[PDB]
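Every number in this text was worked out from the coordinates using simple rules, so none of it is lab data. Because the Cβ atoms are built from the backbone with ideal geometry, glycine has one as well, and the counts that use them run over all protein chains shown.
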Amino acid sequence: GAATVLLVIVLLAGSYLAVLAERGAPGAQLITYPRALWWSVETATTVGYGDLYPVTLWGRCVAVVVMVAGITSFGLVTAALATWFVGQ
Amino acid sequence: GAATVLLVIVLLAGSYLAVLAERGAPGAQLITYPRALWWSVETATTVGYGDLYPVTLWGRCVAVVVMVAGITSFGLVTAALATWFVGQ
Amino acid sequence: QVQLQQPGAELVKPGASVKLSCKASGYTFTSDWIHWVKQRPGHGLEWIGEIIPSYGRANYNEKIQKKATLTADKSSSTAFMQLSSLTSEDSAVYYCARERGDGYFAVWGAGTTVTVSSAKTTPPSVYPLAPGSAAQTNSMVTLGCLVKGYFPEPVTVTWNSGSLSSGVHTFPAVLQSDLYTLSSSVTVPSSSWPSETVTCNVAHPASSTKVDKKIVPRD
Amino acid sequence: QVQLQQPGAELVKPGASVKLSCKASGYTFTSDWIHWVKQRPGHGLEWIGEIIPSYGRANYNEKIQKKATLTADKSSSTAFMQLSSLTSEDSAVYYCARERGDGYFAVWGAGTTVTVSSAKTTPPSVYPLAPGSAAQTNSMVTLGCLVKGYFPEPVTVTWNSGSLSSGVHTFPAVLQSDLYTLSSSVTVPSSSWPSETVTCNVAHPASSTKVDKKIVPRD
Amino acid sequence: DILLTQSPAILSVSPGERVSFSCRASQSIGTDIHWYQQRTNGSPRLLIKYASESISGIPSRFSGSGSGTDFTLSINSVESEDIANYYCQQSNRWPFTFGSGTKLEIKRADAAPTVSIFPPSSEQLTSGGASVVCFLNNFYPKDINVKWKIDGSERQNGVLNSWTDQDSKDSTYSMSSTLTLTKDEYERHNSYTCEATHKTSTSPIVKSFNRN
Amino acid sequence: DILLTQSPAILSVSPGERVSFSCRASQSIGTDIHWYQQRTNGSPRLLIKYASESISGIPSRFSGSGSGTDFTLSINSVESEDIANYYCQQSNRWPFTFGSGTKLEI
């Protein structure tokens, strides 16, 4: 219920930092905030579209942080699994 | 808390072995330790960027070991789900 | 209001360096990036580099020799580009532009003309161009002003402080003996002149000068 | 200090085999790979294969006929390349190089010149080259040494044990009757010679010989 | 880095006709292409973003299309104000890059030049210099020749010419011709004449004036 | 295997002039390209790694750029000591391969 707050904090912090890390790296596509936010979601949700990813060392770090913070933070699925387990 | 130790052991053992398996295979891109460590993380985290993967038989094995050891070892998310469930 | 303000010109002796400025106004976000683009006369746009004021990191075009160093002052909302050890190859118009972190340059500065030369600065002499006494006027009359002996480029010529834009032609300057010269043309209904005043305003950024010359019929 | 040490040369009769060595020093990691590269005279670099000492596995270029077998001795930090059943096509310089598992060859050995021939080894004869008595000297004087009748390549010529490098030209060897010949040139201020000694040092790896020849004015 | 190819470098169209500028990327960049307009002596101005998105303030006349490697900027019914250089720019991969630009040229009806000659000013003479200026304004095509004559005799020394780019006001061209002489040289001659020869006429257009 | 094309094979420049060597890969290799210098009778020496990374000990004069399939090695103001053969090498896919080399002539 409140975890979902940390998720948006990360997804936004990740989105931002990611762009910072990647610009400068010739060939990097993670360089505009908007799509960087789309990347961050894909990452936490862990979904697998492989359409956007990092190439710099730092970028991969922001990546790792988003995976940890976000894959965990997505410990929000369960709350939605509880409410949907009760009122149904 | 301590599981996170086994993860780094695997990610490092996987990263190393993976490079060993893949070199020799014409067209294999999992052939430098650094990116091989990036692969290993993607694998345990199970994230889905599909930018790096194995082509040799042995490589896929190191892969399977990393998936098992790591997807499991990533049973660290929960600890972070507990501390973040308490001090919050 | 002007979102990005850049000085009109900078004269630099070969080997010396110069620091260009870009003062920004309007909305400012932590996601803004300030870009610099170089354009030589008659040529295209070349990306130089970018900087993110909120963090202070700068990136540069790897394909070209690095002549610039970018910095930014948050309190004065000003971005700077230090160009060092310049040669004539560095002479060009340098634009600054703002990108909201979404890939396109929403707005551009007016650009700073940088001239790398050993020659000295020289304000232009502005002379009137009124028809001769034997010239037959039509329903329209053409007047002008001669701007010569100035250096370096550029000069901005307007008519009646800018209120007069239609019927105006300003010719490209010609270089002779380390000095430029150009003329500007203006055409108004023959009946309105001299009853209605016609004055050209010549600004020369490099010398920080701006003079006016009223165009009146010859004696 | 030299990170990779390789012997200067190896003469091999057609059909026979030879084992090249590469002794490494400096930092050593479990992730190091030792590579071997072949380069024929006047041609480019050709990758032969690689081996990881920490594990002992070796990989080879599939595009070329396999002439090599790679091994490594951890205790002596030495990598070996066994070339078997050689022909003149195998004559070339063979380099060993170290890669830290990150894709680039951080350092290279000096290379081993392998010559596949039936001819026999022969140390070079080193003769002095001093100006004739009627030669007029300028502010500079040119001396040299003739190195002929040696086989196989190569020979390394230095002046004053290497302390003299500027003003030195060593000409490519010419092959005639199963023997090579070349000369090396050195130019020093005319005033410094013979007051200051000038000696050439000729090393012939294949014969394990190195001789010196002091250059003095003719009788 | 992504190479953006803009060909042809110059596009000639008749008034009111639809025109299309081409931009090809060396590799697929989705729809991450933006178009800018740059008039003579002006700064670049954003026209279209992300291949086809409209920008407020830009005439509906402008539109974009394409995705992948091939993009197009179109103008429905071109008019004089559209005369300028057009550049594409990509933001799919770092670093951002620009195309080399395409100039829009309009083929209008022929127009004879308006010729005006001006005697040097008294303010200039006071400085020991004398410039005689001649304007050949608003003509088309831009091909034109100017000739100077002092006292009936062709003059060539001291003459400098300047030609404007096509005008975004009426698609015409203009040219200035300046004959500079010292006050002395100027004082020992009577009439100065400028003659313009243009396709619109078999006979030259001449303007003169006497120093007296 | 990845083919690395280096053309022209010989590049002639005047002293103090900027020069650019070209390297094109048969397929996209990101920035996994490295440049080596080899003087007459000398062994290869690493100049630039991962397309544009500087190596300590190498004159600032040397720089690299590019990504994907096209790469460039540049020298600002060439001098005599730069006379040598220049080779590119890729490490994106196995096996590592070398370009055929470009000679710098002054």
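What's the ranking of F:22-33, D:64-75 by average number of surrounding C-beta atoms within 10 Å, highest first? Before the final figure, lay out each step's value.
Values: F:22-33: 20.3, D:64-75: 14.4.
Highest to lowest by the protection proxy: F:22-33, D:64-75.
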Karplus-derived 3J(HN,Hα) from phi for region C:102-110 (6.51 cos²θ - 1.76 cosθ + 1.60, θ = phi - 60°), whole Hz, x at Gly and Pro, runs 10, x, 10, 8, 4, 8, 10, x, 6
Mind checking the dipole of the protein assembly as shown: about its Cα centre, +1 per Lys or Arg Cβ, -1 per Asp or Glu Cβ, Debye to the nearest 20? 860 debye
Listed by chain and number, the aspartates and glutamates with an alpha carbon less than 13 angstrom from that of E:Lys149, same-chain partners under 8 positions apart left out, are E:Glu195
Show log10 I(q)/I(0) for region C:1-118 at q = 0.13, 0.15, 0.23 Å⁻¹, two decimals, from a solvent-free Debye sum over equal Cα scatterers. -0.46, -0.61, -1.42
Mind listing the label-point distances from D:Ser17 to the same position on all other copies, shortest first, one decimal in nm, points 7 Å along Cα→Cβ? 6.2
Give the long-range amide H neighbours of D:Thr122: residues separated by 5 or more places, or on another chain, with amide H under 5 Å away, using H modelled in the peptide plane at 1.01 Å from N. D:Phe151
Which of C:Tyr180, F:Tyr36 has the fewest Cβ neighbours within 10 Å, and the rest in rising order: C:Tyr180, F:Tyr36
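Output the peptides B:66-72, C:135-141 sorted from most to least packed, where packing is the average of other Cβ atoms within 10 Å over each peptide's residues.
Ranking, from highest mean packing down: B:66-72, C:135-141.
Which of the residue pairs D:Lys23/D:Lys66; E:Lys147/E:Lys207; D:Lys38/D:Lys66; D:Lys23/D:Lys74; C:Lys19/C:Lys74; D:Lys63/D:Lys120 have a Cα-Cα distance greater than 21 Å in the structure shown?
Numbers: D:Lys23/D:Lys66 23 Å; E:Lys147/E:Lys207 11 Å; D:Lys38/D:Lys66 13 Å; D:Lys23/D:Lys74 10 Å; C:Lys19/C:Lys74 17 Å; D:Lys63/D:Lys120 33 Å.
In this structure, D:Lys23/D:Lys66; D:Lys63/D:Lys120 lie more than 21 Å apart at Cα.
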Considering the dipole of region F:3-100 built from charges on the beta carbon (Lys and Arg +1, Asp and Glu -1) around the Cα centre, which of F:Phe96, F:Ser52, F:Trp35 is farthest to its positive end? F:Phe96
For n ≥ 4 DSSP H runs only, could you compute -39500 (n - 2.57) per run for the protein assembly as shown, divide by its residues and tell me the 222 nm figure to the nearest 500? -4500 deg cm²/dmol
Percent relative contact order of chain F, based on C-alpha pairs within less than 8 angstrom and at least six residues apart? 38 percent
If you bin the C-alpha pair distances of region C:32-72 every 10 Å from 0, what whole percents do you get? 30, 49, 19, 2
Name the residue farthest towards the positive end of the dipole of the protein assembly as shown from the options D:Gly162, A:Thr78, C:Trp193, assuming +1 on Cβ of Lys and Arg, -1 on Cβ of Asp and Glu, about the Cα centre. D:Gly162
Can you pull the mean other chain C-beta count within 10 Å for peptide B:78-85? 3
Average partner coverage of D:35-47, which counts Cβ from other chains inside 10 Å: 3
Distance cut-off 22 Å, percentage of C-alpha pairs in chain A lying past it: 28 percent
Expected integer from the mean partner chain Cβ neighbour count at 10 Å over D:105-115 is 3
Could you derive backbone 3J(HN,Hα) for region D:146-161 from the dihedral phi with the Karplus parameters 6.51, -1.76 and 1.60 (θ = phi - 60°), listing whole Hz in sequence and x where the residue is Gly or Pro? 9, 10, 10, x, 10, 6, x, 5, x, 9, 10, 10, 10, 10, 6, 6
Given 37 °C and 0.692 mPa s, compute D for the protein assembly as shown with the Stokes-Einstein relation, Rh being the Kirkwood radius over Cα pairs; round to the nearest whole µm²/s. 97 µm²/s
Tell me which residues come under 5 Å, amide H to amide H, from C:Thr170 once H is placed; ignore anything under 5 positions away on its chain. C:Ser185
Could you bin all the Cα-Cα distances of region D:119-217 into 5 Å bins starting at 0 and give me the percent of pairs in each, rounded to whole numbers? 3, 13, 25, 23, 16, 11, 6, 3, 1
Can you compute 3J(HN,Hα) from phi for each residue in region C:182-190, using the Karplus curve 6.51 cos²θ - 1.76 cosθ + 1.60 with θ = phi - 60°, rounded to whole Hz and x for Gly and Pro? 7, 10, 10, 10, 9, 10, 10, x, 3
Cut-off 11 Å between beta-carbons: net charge of the residues surrounding F:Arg93, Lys and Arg +1, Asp and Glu -1: -2
Please report the relative contact order for chain D, taking Cα pairs under 8 Å with a sequence separation of at least 6, and give it as a percent rounded to a whole number. 20 percent
